[PDB]
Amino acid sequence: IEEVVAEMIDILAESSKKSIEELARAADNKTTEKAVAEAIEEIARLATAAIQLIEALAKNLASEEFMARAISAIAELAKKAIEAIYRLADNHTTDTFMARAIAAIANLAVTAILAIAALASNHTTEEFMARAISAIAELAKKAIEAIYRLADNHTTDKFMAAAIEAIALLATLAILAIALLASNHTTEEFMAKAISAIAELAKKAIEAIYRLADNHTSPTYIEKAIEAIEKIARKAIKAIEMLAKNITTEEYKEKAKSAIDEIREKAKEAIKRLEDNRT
């Protein structure tokens, strides 16, 4: 009975969340930063382990109802961990450790997204697939935002550039993950939302990278930021287009065409602002 298996999943989830919180609460009472990073590491490893366990267990589910429960559980684990890591990250003074917290957030997000994507591939109901797609989008945006806020506190362009790199992958993979699942929708309504979700991800990543990039002093890194931004846009456009290639009603695609145009105009404007501020 998967109900019992889903219960096994819940048990793992609640404990993981509980452990994460207490460890976080413990970290607030510690002084030396190396140990604070360890608290983040413990949170990161626990979340990664639990996600891996739940996924492997989730493959043994035939019921979408229970598969949605596993995905629902997995997403909250990621979000909870990301928040815990973020607030702990606010207490770091060394960019190296702040970079590691950023690294941890990205890797959790990638792990969670890919896990959800792999599970979501087995859904026949579009409603549940839309929820999985929604979860991925929310995870990507959350992780990207956390990284941005942390990035403002770096002094080294190299570390800010490293943050930019991490954001780009979160954007790319999330889009790709969404694309694979969105390709499997027969309902036109849900397909339009994926385009909307993708567009928002593109806008978020592009804006964040711009804002970090605007704080660079070295031309070499700003050029890397510019390179990164358009690649996100080009990826997003293909995703929207390919999904649009398989939809028949133009009403929704005209908005999809609008989405493509907005992504371009936002990206072109962002890059344009960056080049104008270069020497």
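Position 1 is the first residue in the sequence shown; the rest follow in order.
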Comparing 167 to 175 with 90 to 98, the one whose average Cα B-factor in the PDB entry is higher: 90 to 98
Higher-B stretch (mean Cα B-factor, as the entry records it), 215 to 223 or 26 to 34: 26 to 34
Criterion, highest CA B-factor; candidates, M67, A236, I229, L53: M67
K268, C-alpha B-factor rank within chain (lowest, middle or highest third): middle
Where the record places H123 (Cα B-factor, split into thirds across the chain): middle
Where the record places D157 (Cα B-factor, split into thirds across the chain): highest
Lowest, middle or highest third - CA B-factor, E207: lowest
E76 CA temperature factor, ranked by third within the chain: middle
